[PDB]
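To start, the structure under review is shown below, and the notes come after it.
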Amino acid sequence: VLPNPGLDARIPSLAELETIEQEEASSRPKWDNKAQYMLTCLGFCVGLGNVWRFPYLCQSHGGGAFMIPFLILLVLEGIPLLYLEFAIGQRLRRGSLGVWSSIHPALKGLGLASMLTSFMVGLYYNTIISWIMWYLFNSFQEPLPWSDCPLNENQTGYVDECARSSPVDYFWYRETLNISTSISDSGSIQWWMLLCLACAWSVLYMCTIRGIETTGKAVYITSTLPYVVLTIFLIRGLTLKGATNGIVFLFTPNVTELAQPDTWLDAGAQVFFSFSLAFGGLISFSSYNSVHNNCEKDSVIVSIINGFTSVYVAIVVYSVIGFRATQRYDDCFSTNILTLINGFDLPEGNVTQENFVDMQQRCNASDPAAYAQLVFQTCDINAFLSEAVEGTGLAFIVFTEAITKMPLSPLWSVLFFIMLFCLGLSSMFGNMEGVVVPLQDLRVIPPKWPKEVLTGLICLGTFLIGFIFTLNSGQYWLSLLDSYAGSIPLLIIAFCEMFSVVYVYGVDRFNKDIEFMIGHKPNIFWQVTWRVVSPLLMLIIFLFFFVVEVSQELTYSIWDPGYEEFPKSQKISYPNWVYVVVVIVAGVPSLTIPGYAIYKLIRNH
Amino acid sequence: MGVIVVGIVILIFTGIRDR
Ligand SMILES: *[C@@H]1O[C@H](CO)[C@@H](O[C@@H]2O[C@H](CO)[C@@H](O)[C@H](O)[C@H]2NC(C)=O)[C@H](O)[C@H]1NC(C)=O
Ligand SMILES: *[C@@H]1O[C@H](CO)[C@@H](O)[C@H](O)[C@H]1NC(C)=O
Ligand SMILES: *[C@@H]1O[C@H](CO)[C@@H](O)[C@H](O)[C@H]1NC(C)=O
Ligand SMILES: *[C@@H]1O[C@H](CO)[C@@H](O)[C@H](O)[C@H]1NC(C)=O
Ligand SMILES: *[C@@H]1O[C@H](CO)[C@@H](O)[C@H](O)[C@H]1NC(C)=O
Ligand SMILES: NC(=O)CC[C@H](N)C(=O)O
């Protein structure tokens, strides 16, 4: 292992912890009961990550080809990092900077990266939630606004944009977003999104006014309501038409898709984005426990609950998607039968699904001319399931379209969107703690101020920066920033974290500390996965990222209402300047880890 | 909006109180 001279005399040496435990109680906060701690760690690890990213990350990679590597990596890459994070956060009695600034101080920069990432996701997340808030307010009216098209000035024909496409797509792209035609077309600020953004940030600031001791009172509801609303929705979904016909599309993998580096890279990124690893949240939330709190139990419990929750959410979402696909296929076939019977004037109840081809053949062989001039639609089941859903366009395009087809639609809509909003707050609690704690650790503010002013300043700054996603071109910026803000850092930070813990602090000190804490040295599985397999898998993922990044064109989708073949969104290439923004969103939070270190290698020379 | 700002003011004043 690396030398790191002087690691001792900067760390408690297990002879004081039994007494230091009863010493920080006066100034450092502590949990009310273990239920609050476990429930907060659970709520931090579930929400708006397996409802939005997992669906189209399954779709774009063939549905079932994304679920095998995801589980292999959740077993071999997630659990040991959860355990490592909990253990060091509990043993070192420090936040997200302390546990890395106290191990070869030239690693302090790594901590900064975490903080910076916990900011780059903030601006992202509280935009999504804002949209949800909007969709939550537009309920409470029986003729739901996304159920029918509006009429133009001449109140006899529909608006052409809503006529050539669905009314839900119109309400999403024109009445809510008012999206433009390119990323180079920015417009007004669109007041009717500022209200929702301000409401989202005000609620978030209300819940985290004091960190722990105030979020620990809201978590009881916030991390519990989803597991009831989701069970209700699962029961409602598994009894539709396309259910058990759209679930199989999720569990029929194709062995030709597993050999692409893209799928494995996306699986790694998703298993690091599901568990909030390398975010600096858990390493700090676990730093409030007593020194004798069993750690394997909580790590294993959180991992299992999170994995099975992800599987249940995927099942529900693909149930609804299968229902939608079966509906559209039935529409195809009904329209084709209607055209056929309108052509030759056949009896109404004679042409059906079973004997369609026979009647088609007869009507051709009878009168070739009149039959040839007809127009047919060619469309089959298990082919509308492959309709790729764009980013952030699943929870608003398919679920509203399926909710508008059920009895008592307003109740279902209110329940669904309050569930999503609760998941959002459940995640933003930790995503805010991860920025609040390091800033206090940096002595940026004088101690004379209360914490309320610092939290308010952070919320105000992030709200003022979040204007960019309220322009006419908001969704494009959002997708651009999301394609890169959560892929490279959540790999590099995690790898540096595990390498630091194992091969700098020394794994033997770690084993002795675990023995002193819980009562036995970890099982052989933990050591075999710490010292051998996990660094190799993370290095392979890190390399595959660069293998798949270069040699593929960057393209994004646009709406273009004035473009022929309109119902399908178009693809175009990013302008040349945008490679600046990526370097500022994916380079700086990742390049800070070596950079700061270099500074020390020059400062202490 | 009203009720949530009410919660904000009550909480922050609850502070000065118990402070
Ligand atoms: C698994 O992947 C293969 C290849 O990537 C898929 O085969 C192609 O599927 C597309 C549409 O999904 C068709 O247009 C091609 O004609 C297919 N190619 C061949 C050679 O058959 C396959 O469909 C995928 N399977 C699943 C379940 O997603
Ligand atoms: C509406 O009616 C006016 C005549 O009053 C006509 O000029 C116009 O084209 C109509 N609108 C549409 C969309 O057809
Ligand atoms: C939508 O955007 C267009 C152009 O950006 C603007 O003219 C229009 O007024 C906007 N919609 C509303 C309701 O203001
Ligand atoms: C459809 O009409 C033809 C006309 O002779 C008839 O022979 C046939 O039985 C009808 N189809 C069914 C299902 O009865
Ligand atoms: C219709 O019938 C004619 C008769 O010869 C045949 O040549 C043609 O291929 C048929 N086409 C279709 C679409 O049934
Ligand atoms: N950075 C975060 O807020 C973590 C989110 C969490 N992994 C989820 O998607 O549920």
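Read-outs throughout are calculated quantities, based only on the coordinates presented, and are distinct from any laboratory measurement. A quick note on method: Cβ atoms are made from the backbone with ideal geometry, for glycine too, and the neighbour counts reach across all protein chains shown.
Would you list which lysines come within 17 Å of A:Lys217, measuring only between C-alpha atoms, while excluding same-chain residues fewer than 8 positions from it?
Partners found: A:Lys30, A:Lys34.
Within chain A, which is the longest segment containing none of the chymotrypsin sites (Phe, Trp or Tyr not before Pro) that sit in a DSSP loop and have at most 14 other Cβ atoms within 10 Å? Please list the in-between numbers first.
Working: sites that count: A:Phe140, A:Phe376, A:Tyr563.
After excluding every exposed loop site, the longest remaining stretch is A:141-375.
Within chain A, which complete DSSP H helices have Cα atoms spanning at least 27 Å along the helix axis and a mean Kyte-Doolittle hydropathy of 0.0 or higher?
Length and hydropathy pass: A:108-137, A:296-344, A:409-441.
Just grab the label-to-label distance for A:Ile232 and A:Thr252, each label 7 Å out from Cα along the Cβ direction, in nm (one decimal).
Computed distance between label sites A:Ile232 and A:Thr252 equals 3.4 nm.
Choose one of A:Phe119, A:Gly486, A:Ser274: the residue whose Cα lies farthest towards the positive end of the charge dipole of chain A (beta-carbon charges +1 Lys, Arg; -1 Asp, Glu; about the Cα centre).
A:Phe119
Taking Cα pairs under 8 Å and at least six residues apart, what relative contact order does chain A come out at, in percent? Walk me through the numbers on the way to the answer.
Values: 714 pairs, mean separation 197.0, N = 605.
Averaging sequence separation for qualifying contacts and normalising by length gives 33 percent for chain A.
Counting other beta carbons within 10 Å of each residue's own, what order do A:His104, A:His61 fall into, fewest first? Could you put the intermediate results ahead of the total?
Values: A:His104 19, A:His61 22.
Exposure proxy ranking, most exposed first: A:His104, A:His61.
Within a 10 angstrom radius of the beta carbon, how do A:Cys379, A:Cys199 rank from fewest other beta carbons to most?
Details: A:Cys379 14, A:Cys199 17.
Lowest to highest Cβ neighbour count: A:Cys379, A:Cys199.
Take every residue in peptide A:206-217, count the Cβ atoms of other chains within 10 Å of its Cβ, and give the average of those counts. Don't skip to the end; give the middle numbers.
Details: counts 8, 2, 0, 6, 3, 0, 0, 0, 1, 0, 0, 0.
Other-chain Cβ atoms within 10 Å of each residue's Cβ, averaged: 2.
Please give every one of the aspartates and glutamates within straight-line cross-link reach of A:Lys241, meaning a C-alpha to C-alpha distance under 15 Å, and leave out same-chain neighbours fewer than 8 residues apart.
A:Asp330, A:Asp331, A:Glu401
With +1 assigned to the C-beta of every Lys and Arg and -1 to the C-beta of every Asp and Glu, and no other charges, what is the dipole magnitude of chain A about the Cα centre in debye, to the nearest 20? Don't skip to the answer; put the middle values down first.
Details: 31 positive and 47 negative charges, 468 e Å.
The dipole of chain A has a size of about 2240 debye.
Which of the trypsin sites (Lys or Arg not before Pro) across the range A:383-476 are loop residues per DSSP, with 10 or fewer other Cβ within 10 Å?
Values: sites: A:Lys405, A:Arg443, A:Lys448, A:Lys451; in loops: A:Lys405, A:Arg443, A:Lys448.
Within the range A:383-476, the qualifying trypsin sites (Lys or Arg not before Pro) (loop, at most 10 other Cβ atoms within 10 Å) are A:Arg443, A:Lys448.
Place +1 on the Cβ of every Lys and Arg and -1 on the Cβ of every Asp and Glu in chain A, take the dipole about the Cα centre, and give the residue among A:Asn382, A:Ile132, A:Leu338 whose Cα lies farthest towards its positive end.
Comparing the listed Cα positions along the dipole, A:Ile132 ranks first.
Quote the relative contact order of the range A:286-435 in percent (integer), defining contacts as alpha-carbon pairs under 8 Å separated by 6+ residues.
Values: 46 pairs, mean separation 38.9, N = 150.
Over the range A:286-435, the number comes to 26 percent.
For chain A, list the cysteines whose Cβ sits under 4.7 Å from no other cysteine Cβ?
By the Cβ distance rule, which asks for a partner under 4.7 Å, the isolated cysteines are A:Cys41, A:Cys45, A:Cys58, A:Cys196, A:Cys199, A:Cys207, A:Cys295, A:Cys363, A:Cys422, A:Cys459, A:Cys496.
How shielded is A:444-455 by partner chains, expressed as the average number of their Cβ atoms within 10 Å of its Cβ atoms?
On the way: counts 0, 0, 0, 0, 0, 0, 4, 1, 5, 1, 0, 0.
Counting Cβ atoms of other protein chains within 10 Å of each residue's Cβ and averaging gives 1.
Please state the Cα pair-distance histogram of the protein assembly as shown with 20 angstrom bins from zero: what percent is in each bin?
Spelled out bin by bin, the protein assembly as shown gives 17, 49, 26, 6, 1 percent.
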